[PDB]
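In the block that follows, a single chain appears as C-alpha cells, in the form solved without the RNA.
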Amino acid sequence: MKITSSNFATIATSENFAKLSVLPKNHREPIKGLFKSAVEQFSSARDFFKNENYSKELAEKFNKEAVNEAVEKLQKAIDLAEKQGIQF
C-alpha cells in the first residue's frame, strides 16, 4: 500500500488510527505518534500553502494599484509638459 500526496487524506483517517488501538503499547504508541506527526505536518503544509497564495493575491492587487498610479503621474507629467511646448 503506497502513499502519495494525492491519496494521503484517504489513509489518514480516524478509522485507520482506531485500527491501531488493538496493538500492544510498545508498538501502538510509536506508530500512533508517527501517524499523528504525519497528519499535523500535512495540515501545517496545507495551512501554509493556502495563506501564502492569499497573500500573493493581495500583493498582486497592490502591485497593480501602484503601477497604475505611477502610469497616471507620468501621464500627467507628460501632458503638462506638452502644454508648455515640450517636443517629446
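For the two forms, the rigid core is made up of the largest set of C-alpha atoms that agree within 1.5 Å on superposition. Shifts are known only where both forms have a C-alpha. Start at 1 with the first residue shown and count on from there.
The mean C-alpha temperature factor is higher for 59-67 when 40-48 and 59-67 are set side by side. Legend: mean Cα B-factor per stretch from the PDB entry, 8-16 versus 72-80; the higher mean is in 72-80.
Although not depicted, the form deposited with the RNA bound is the subject of the following passage.
Although the partner is absent here, residue 28 lies within 4.5 Å of the RNA in the deposited complex, judged by heavy atoms. The RNA in the deposited complex is approached by residue 37, whose closest heavy atom lies within 4.5 angstroms of it. In the deposited complex, the RNA sits within 4.5 Å of a heavy atom belonging to residue 80. In the deposited complex, at least one heavy atom of residue 76 sits within 4.5 Å of the RNA. Core-superposed comparison between this form and the one not shown: the CA of residue 52 exceeds or equals a 2 Å shift. In the core-superposed comparison between this form and the one not shown, the C-alpha atom of residue 9 has shifted by less than 2 angstroms. Once the rigid core is used as the reference frame, the Cα position of residue 28 differs between this form and the one not shown by less than 2 Å. In the deposited complex, the CA atoms of residue 57 and residue 45 draw together by 3 angstroms or more relative to this form. The pair residue 57 and residue 40 approaches in the deposited complex: their C-alpha atoms are at least 3 Å nearer to each other than in the form depicted.
Against the superposed rigid core, the only consecutive-residue run (3 or more long) showing CA movement of at least 2 Å between this form and the one not shown spans 46-88.
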